[PDB]
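One structure is given below, encoded as structure tokens.
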Amino acid sequence: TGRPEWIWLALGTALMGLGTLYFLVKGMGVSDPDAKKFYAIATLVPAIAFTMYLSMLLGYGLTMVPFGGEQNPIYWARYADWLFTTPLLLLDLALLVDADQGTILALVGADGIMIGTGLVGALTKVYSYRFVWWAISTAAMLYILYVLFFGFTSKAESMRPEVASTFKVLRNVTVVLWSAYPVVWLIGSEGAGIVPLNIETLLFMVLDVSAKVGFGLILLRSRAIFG
Ligand SMILES: *C/C=C(C)/C=C/C=C(C)/C=C/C1=C(C)CCCC1(C)C
């Protein structure tokens with residue numbers, strides 16, 4: 001097929017793979033139980049992304065959806081990825097600040113909605129309805145971000161400064177990167193079709209990698225993961 005976006009996907013496949021192996025090798029060495037906990041979670045994240053980037057690189061996870069008079073290319077493998085990686089990332093922030101079970105469940109549930117409605121919207125054939133779903137998905141995301149900024153940060157102040165400071169960074173990177181996804185979707189192939197697929201894939205790969213390997217590197221090299 002040789003599609004214009006394949007290179008970004010070949011690049012993102014390689015970064016997710018490298019990041020996975022490094023986190024894997026580093027965590028197989030750690031003896032502390034909950035350091036292990038954080039390692040196990042942070043390694044699985046890019047591992048999943050890798051498999052998905054790799055499947056897409058290989059021609060899977062792609063579907064043509066009809067709307068706006070065109071046969072639009074929609075990479076659904078993405079949601080298969082995010083469906084499990086996004087909640088895992090949230091779990092990590094939750095474990096860091098000792099979030100409560102109820103909080104966690106609510107975050108993972110909101111997260112389920114966000115990716116679910118997102119996909120439904122990416123698949124919708126009535127142009128204008130694609131944005132209704134998008135809207136809902138974004139609302140869900142905002143709920144998540146609100147909790148993290150208002151809820152979590154608050155509980156991160158019952159921990160040691162080292163832990164609170166590691167959390168604020170991770171919280172920050174997350175707020176900035178996550179915020180970007182809905183905008184990329186809106187102006188990209190799934191939305192207005194203004195940014196071409198190849199550039200769109202480049203944006204997502206930069207965000208996916210930053211948010212997973214970038215997030216992992218920061219968290220794992222901190223002593224806040226120790227019991
Ligand atoms: C490793 C992947 C990460 C951290 C992915 C984060 C993805 C989002 C914050 C996605 C959000 C979306 C919306 C708010 C609405 C439209 C559809 C999505 C799923 C692209």
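As shown in the structure tokens, the chain order sets the letters A, B, ...; within each chain, residues go from 1, and ligands are also counted from 1 in the order they appear.
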
Q: Could you give me, as a PyMOL selection string, the residues within 10 Å of residue 204 (chain A), counting only C-alpha atoms and dropping anything in the same chain fewer than 6 positions from it?
A: chain A and resi 8-9+12+78+177+180-181+184-185+210

Q: Run DSSP on the backbone and grab whatever in region 28-179 of chain A lands in strand (DSSP E or B); send it over as a list in words.
A: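 Matching residues for strand (DSSP E or B) in region 28-179 of chain A are residues 62, 63, 64, 65, 66, 67, 70, 71, 72, 73, 74 and 75 of chain A.
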
With N, CA, C and O atoms retained, could you export that selection as an mmCIF file, in the first residue's frame?
```
data_model
loop_
_atom_site.group_PDB
_atom_site.id
_atom_site.type_symbol
_atom_site.label_atom_id
_atom_site.label_comp_id
_atom_site.auth_asym_id
_atom_site.auth_seq_id
_atom_site.Cartn_x
_atom_site.Cartn_y
_atom_site.Cartn_z
ATOM 1 N N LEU A 62 -7.439 -0.133 10.245
ATOM 2 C CA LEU A 62 -7.858 0.945 9.340
ATOM 3 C C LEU A 62 -9.172 0.616 8.662
ATOM 4 O O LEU A 62 -9.360 -0.492 8.157
ATOM 5 N N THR A 63 -10.074 1.599 8.646
ATOM 6 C CA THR A 63 -11.386 1.446 8.023
ATOM 7 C C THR A 63 -11.833 2.744 7.300
ATOM 8 O O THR A 63 -11.546 3.857 7.740
ATOM 9 N N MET A 64 -12.502 2.579 6.164
ATOM 10 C CA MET A 64 -12.993 3.704 5.373
ATOM 11 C C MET A 64 -14.400 4.026 5.845
ATOM 12 O O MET A 64 -15.273 3.181 5.733
ATOM 13 N N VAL A 65 -14.628 5.222 6.378
ATOM 14 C CA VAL A 65 -15.965 5.592 6.826
ATOM 15 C C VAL A 65 -16.511 6.632 5.870
ATOM 16 O O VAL A 65 -15.808 7.571 5.498
ATOM 17 N N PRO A 66 -17.765 6.461 5.430
ATOM 18 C CA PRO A 66 -18.402 7.405 4.510
ATOM 19 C C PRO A 66 -19.129 8.594 5.165
ATOM 20 O O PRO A 66 -20.084 8.405 5.921
ATOM 21 N N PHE A 67 -18.647 9.805 4.882
ATOM 22 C CA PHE A 67 -19.270 11.047 5.348
ATOM 23 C C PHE A 67 -18.652 12.222 4.561
ATOM 24 O O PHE A 67 -17.560 12.089 3.985
ATOM 25 N N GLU A 70 -17.099 11.707 1.024
ATOM 26 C CA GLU A 70 -15.827 11.000 0.825
ATOM 27 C C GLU A 70 -15.770 9.677 1.553
ATOM 28 O O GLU A 70 -16.581 9.409 2.431
ATOM 29 N N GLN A 71 -14.780 8.867 1.187
ATOM 30 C CA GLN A 71 -14.533 7.581 1.823
ATOM 31 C C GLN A 71 -13.336 7.900 2.728
ATOM 32 O O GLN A 71 -12.174 7.796 2.316
ATOM 33 N N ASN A 72 -13.628 8.310 3.957
ATOM 34 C CA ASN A 72 -12.585 8.699 4.894
ATOM 35 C C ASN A 72 -11.898 7.589 5.665
ATOM 36 O O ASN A 72 -12.537 6.716 6.252
ATOM 37 N N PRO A 73 -10.566 7.623 5.676
ATOM 38 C CA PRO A 73 -9.696 6.662 6.354
ATOM 39 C C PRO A 73 -9.668 6.918 7.867
ATOM 40 O O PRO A 73 -9.181 7.954 8.321
ATOM 41 N N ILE A 74 -10.200 5.971 8.631
ATOM 42 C CA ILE A 74 -10.249 6.085 10.083
ATOM 43 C C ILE A 74 -9.475 4.951 10.764
ATOM 44 O O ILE A 74 -9.850 3.778 10.668
ATOM 45 N N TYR A 75 -8.396 5.321 11.450
ATOM 46 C CA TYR A 75 -7.551 4.361 12.156
ATOM 47 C C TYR A 75 -8.178 3.995 13.493
ATOM 48 O O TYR A 75 -7.929 4.653 14.498
#
```

Q) Can you tell me, as number ranges by chain, what residues are no more than 12 Å from residue 174 (chain A) when counting only C-alpha atoms, ignoring any on the same chain fewer than 4 positions away? A) A: 86, 89-90, 92-93, 141-142, 144-146, 148-149, 167-170, 178-181, 207-208, 210-212, 214-216, 218

Write the selection just made, keeping N, CA and C atoms, as a PDB file, in the first residue's frame?
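The resulting result_19.pdb:
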```pdb
ATOM      1  N   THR A  86      -4.918   4.419  28.352  1.00  0.00           N
ATOM      2  CA  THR A  86      -5.341   5.611  29.062  1.00  0.00           C
ATOM      3  C   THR A  86      -5.749   5.321  30.512  1.00  0.00           C
ATOM      4  N   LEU A  89      -2.654   4.649  32.671  1.00  0.00           N
ATOM      5  CA  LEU A  89      -1.947   5.881  32.984  1.00  0.00           C
ATOM      6  C   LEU A  89      -2.626   6.568  34.172  1.00  0.00           C
ATOM      7  N   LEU A  90      -3.955   6.541  34.185  1.00  0.00           N
ATOM      8  CA  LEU A  90      -4.720   7.149  35.267  1.00  0.00           C
ATOM      9  C   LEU A  90      -4.470   6.391  36.573  1.00  0.00           C
ATOM     10  N   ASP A  92      -1.821   4.909  37.442  1.00  0.00           N
ATOM     11  CA  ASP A  92      -0.546   5.280  37.966  1.00  0.00           C
ATOM     12  C   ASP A  92      -0.613   6.571  38.757  1.00  0.00           C
ATOM     13  N   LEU A  93      -1.313   7.555  38.221  1.00  0.00           N
ATOM     14  CA  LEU A  93      -1.423   8.779  38.969  1.00  0.00           C
ATOM     15  C   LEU A  93      -2.199   8.506  40.281  1.00  0.00           C
ATOM     16  N   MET A 141     -13.488  13.739  29.057  1.00  0.00           N
ATOM     17  CA  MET A 141     -12.084  14.023  29.262  1.00  0.00           C
ATOM     18  C   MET A 141     -11.896  15.172  30.238  1.00  0.00           C
ATOM     19  N   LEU A 142     -12.744  16.180  30.100  1.00  0.00           N
ATOM     20  CA  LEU A 142     -12.661  17.325  30.959  1.00  0.00           C
ATOM     21  C   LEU A 142     -12.968  16.934  32.402  1.00  0.00           C
ATOM     22  N   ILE A 144     -12.298  14.032  33.685  1.00  0.00           N
ATOM     23  CA  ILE A 144     -11.075  13.380  34.121  1.00  0.00           C
ATOM     24  C   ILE A 144     -10.028  14.409  34.551  1.00  0.00           C
ATOM     25  N   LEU A 145      -9.729  15.358  33.663  1.00  0.00           N
ATOM     26  CA  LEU A 145      -8.743  16.409  33.923  1.00  0.00           C
ATOM     27  C   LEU A 145      -9.051  17.250  35.165  1.00  0.00           C
ATOM     28  N   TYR A 146     -10.340  17.496  35.396  1.00  0.00           N
ATOM     29  CA  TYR A 146     -10.798  18.266  36.537  1.00  0.00           C
ATOM     30  C   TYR A 146     -10.457  17.509  37.823  1.00  0.00           C
ATOM     31  N   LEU A 148      -8.272  15.158  38.262  1.00  0.00           N
ATOM     32  CA  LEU A 148      -6.855  15.086  38.436  1.00  0.00           C
ATOM     33  C   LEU A 148      -6.293  16.397  38.947  1.00  0.00           C
ATOM     34  N   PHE A 149      -6.767  17.515  38.386  1.00  0.00           N
ATOM     35  CA  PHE A 149      -6.224  18.779  38.835  1.00  0.00           C
ATOM     36  C   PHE A 149      -6.771  19.174  40.217  1.00  0.00           C
ATOM     37  N   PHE A 167       4.182  13.947  41.131  1.00  0.00           N
ATOM     38  CA  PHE A 167       2.803  13.910  40.706  1.00  0.00           C
ATOM     39  C   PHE A 167       2.422  15.170  39.924  1.00  0.00           C
ATOM     40  N   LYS A 168       2.826  16.337  40.419  1.00  0.00           N
ATOM     41  CA  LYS A 168       2.489  17.582  39.738  1.00  0.00           C
ATOM     42  C   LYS A 168       3.043  17.614  38.329  1.00  0.00           C
ATOM     43  N   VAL A 169       4.248  17.076  38.147  1.00  0.00           N
ATOM     44  CA  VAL A 169       4.873  17.031  36.826  1.00  0.00           C
ATOM     45  C   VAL A 169       4.062  16.113  35.907  1.00  0.00           C
ATOM     46  N   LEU A 170       3.795  14.897  36.395  1.00  0.00           N
ATOM     47  CA  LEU A 170       3.022  13.894  35.666  1.00  0.00           C
ATOM     48  C   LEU A 170       1.610  14.402  35.428  1.00  0.00           C
ATOM     49  N   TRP A 178      -3.089  15.410  26.975  1.00  0.00           N
ATOM     50  CA  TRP A 178      -4.461  14.964  26.798  1.00  0.00           C
ATOM     51  C   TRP A 178      -5.287  16.019  26.127  1.00  0.00           C
ATOM     52  N   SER A 179      -5.113  17.256  26.571  1.00  0.00           N
ATOM     53  CA  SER A 179      -5.835  18.388  25.997  1.00  0.00           C
ATOM     54  C   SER A 179      -5.725  18.472  24.480  1.00  0.00           C
ATOM     55  N   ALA A 180      -4.572  18.056  23.980  1.00  0.00           N
ATOM     56  CA  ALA A 180      -4.301  18.102  22.563  1.00  0.00           C
ATOM     57  C   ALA A 180      -5.067  17.099  21.692  1.00  0.00           C
ATOM     58  N   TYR A 181      -5.355  15.913  22.219  1.00  0.00           N
ATOM     59  CA  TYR A 181      -6.039  14.906  21.429  1.00  0.00           C
ATOM     60  C   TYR A 181      -7.359  15.295  20.780  1.00  0.00           C
ATOM     61  N   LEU A 207       2.271  12.812  20.461  1.00  0.00           N
ATOM     62  CA  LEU A 207       1.488  12.864  21.685  1.00  0.00           C
ATOM     63  C   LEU A 207       1.486  11.479  22.385  1.00  0.00           C
ATOM     64  N   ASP A 208       1.269  10.408  21.618  1.00  0.00           N
ATOM     65  CA  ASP A 208       1.250   9.057  22.177  1.00  0.00           C
ATOM     66  C   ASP A 208       2.577   8.721  22.854  1.00  0.00           C
ATOM     67  N   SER A 210       5.100  10.836  23.823  1.00  0.00           N
ATOM     68  CA  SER A 210       5.357  11.768  24.923  1.00  0.00           C
ATOM     69  C   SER A 210       4.582  11.290  26.156  1.00  0.00           C
ATOM     70  N   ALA A 211       3.294  11.039  25.942  1.00  0.00           N
ATOM     71  CA  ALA A 211       2.412  10.605  27.003  1.00  0.00           C
ATOM     72  C   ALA A 211       2.681   9.226  27.583  1.00  0.00           C
ATOM     73  N   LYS A 212       3.375   8.356  26.868  1.00  0.00           N
ATOM     74  CA  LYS A 212       3.619   7.024  27.416  1.00  0.00           C
ATOM     75  C   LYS A 212       5.062   6.791  27.817  1.00  0.00           C
ATOM     76  N   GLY A 214       7.311   9.143  27.577  1.00  0.00           N
ATOM     77  CA  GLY A 214       7.704  10.372  28.250  1.00  0.00           C
ATOM     78  C   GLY A 214       7.271  10.356  29.702  1.00  0.00           C
ATOM     79  N   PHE A 215       6.044   9.906  29.900  1.00  0.00           N
ATOM     80  CA  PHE A 215       5.452   9.790  31.216  1.00  0.00           C
ATOM     81  C   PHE A 215       6.197   8.705  32.026  1.00  0.00           C
ATOM     82  N   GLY A 216       6.421   7.540  31.412  1.00  0.00           N
ATOM     83  CA  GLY A 216       7.121   6.459  32.080  1.00  0.00           C
ATOM     84  C   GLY A 216       8.501   6.857  32.582  1.00  0.00           C
ATOM     85  N   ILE A 218       9.804   9.729  33.380  1.00  0.00           N
ATOM     86  CA  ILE A 218       9.662  10.661  34.499  1.00  0.00           C
ATOM     87  C   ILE A 218       9.282   9.962  35.807  1.00  0.00           C
TER      88      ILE A 218
END
```

Q. Using only C-alpha atoms and all ligand atoms, which of the listed residues (A:80, A:119, A:7, A:192) sits closest to ligand 1?
A.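 Checking each candidate against ligand 1, we get A:119 as the closest.
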
Q: Please identify all polymer residues within 6 Å of residue 50 (chain A), counting only C-alpha atoms, omitting same-chain residues fewer than 5 positions from it, and present them as a list in words.
A: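 After dropping sequence-adjacent residues, the list is residues 13, 16 and 17 of chain A.
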
Please, could you write that set of residues out with N, CA, C and O atoms as an mmCIF file, in the first residue's frame?
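Final file, out-v4.cif:
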```cif
data_model
loop_
_atom_site.group_PDB
_atom_site.id
_atom_site.type_symbol
_atom_site.label_atom_id
_atom_site.label_comp_id
_atom_site.auth_asym_id
_atom_site.auth_seq_id
_atom_site.Cartn_x
_atom_site.Cartn_y
_atom_site.Cartn_z
ATOM 1 N N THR A 13 6.380 3.025 16.216
ATOM 2 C CA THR A 13 6.405 1.595 16.539
ATOM 3 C C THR A 13 7.744 1.294 17.224
ATOM 4 O O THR A 13 7.812 0.522 18.186
ATOM 5 N N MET A 16 7.963 3.033 20.865
ATOM 6 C CA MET A 16 7.159 2.294 21.840
ATOM 7 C C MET A 16 7.882 0.985 22.173
ATOM 8 O O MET A 16 7.955 0.602 23.334
ATOM 9 N N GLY A 17 8.455 0.330 21.168
ATOM 10 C CA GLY A 17 9.194 -0.903 21.417
ATOM 11 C C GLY A 17 10.422 -0.685 22.296
ATOM 12 O O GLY A 17 10.643 -1.412 23.261
#
```

Q) Rounded to one decimal in Å, what is the spacing between CA of residue 117 (chain A) and CA of residue 41 (chain A)? A)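 Going from CA of residue 117 (chain A) over to CA of residue 41 (chain A) covers 24.9 Å.
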